[PDB]
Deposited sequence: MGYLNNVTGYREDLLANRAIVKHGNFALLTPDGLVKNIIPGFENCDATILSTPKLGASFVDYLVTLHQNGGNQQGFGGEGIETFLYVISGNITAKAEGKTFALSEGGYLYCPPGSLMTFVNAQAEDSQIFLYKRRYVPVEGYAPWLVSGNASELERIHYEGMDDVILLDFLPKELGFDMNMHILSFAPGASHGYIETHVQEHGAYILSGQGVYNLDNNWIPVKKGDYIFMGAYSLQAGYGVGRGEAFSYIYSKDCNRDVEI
């Protein structure tokens, strides 16, 4: 049989713990402000996340010219593929694959497909948490130009001004290393490329390009290549308010 039919139907959920979503096999979301593009909402508080993230494929002139952000809301955009034109804080950014844009609270973001063919984007937003004597700021660039800490990438500054960060993990084929972790902090991962196997709630699940995974608070993760790379969020630098 076709390797594909085998991997058909993997969308599993364990609210608050984890969820494997396959945005493909999902109904599109009609979100005001988004024109000529298919938007599909992923993690949301109703799933337990303290953020909302999206996967959006932009058709010709697809994007959001209305302004994505919101008051007290910070956002982050990542060009999965194609070319778009983002705008924020009066500036303009020509983002190509790997191009990213972070906006501090308040600085609405707009973006549109900059090419003829479809451009695919990954969106993320959360309610920013201010701390005395600090503040975040607009950050933009391309993954290519990022440090190369297997390879870990840190998209945002580590300063307390920031209360979150986006990362990309890559695993070359002949790799002998794998991913693992336990955490109080949630995670939202979108598999950028390759194919691998994850171990969420003690069960192995083949994972692949296009898949999305919600790792809830207080969960154990693990995965390995089989180039396997994925982008993922992570809140940080903050105490827990009660």
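In sequence order, the gaps in C-alpha coverage of the deposited chain fall at 1-8, 158-164, 242-245.
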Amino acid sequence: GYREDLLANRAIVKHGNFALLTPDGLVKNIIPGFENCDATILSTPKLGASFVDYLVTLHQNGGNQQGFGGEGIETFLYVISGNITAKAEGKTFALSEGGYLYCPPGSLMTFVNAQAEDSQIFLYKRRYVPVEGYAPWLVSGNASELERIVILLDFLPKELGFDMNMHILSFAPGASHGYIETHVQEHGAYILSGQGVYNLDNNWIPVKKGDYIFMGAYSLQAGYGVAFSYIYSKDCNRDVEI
From here on, numbers count along this sequence of modelled residues.
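Between the stretches 177-185 and 207-215, it is 177-185 that shows the larger average CA temperature factor. Of the two segments examined, 85-93 and 140-148, it is 140-148 that shows the higher average Cα temperature factor in the deposited entry. When the C-alpha B-factors of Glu132, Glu71, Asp163, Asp154 are ranked from the entry, the top spot goes to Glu132. Per the deposited record, the Cα B-factor of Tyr232 falls in the lowest third when ranked against the other modelled residues of its chain. Annotation for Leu169: CA B-factor lies in the highest third of the chain's modelled residues.
Ranked within its chain, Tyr54 lands in the lowest third, by CA B factor from the PDB record. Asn202 sits in the highest third of its chain by CA B factor, as recorded in the PDB entry. In the PDB entry, a CA B factor belonging to the middle third of its chain's modelled residues is recorded for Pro105.
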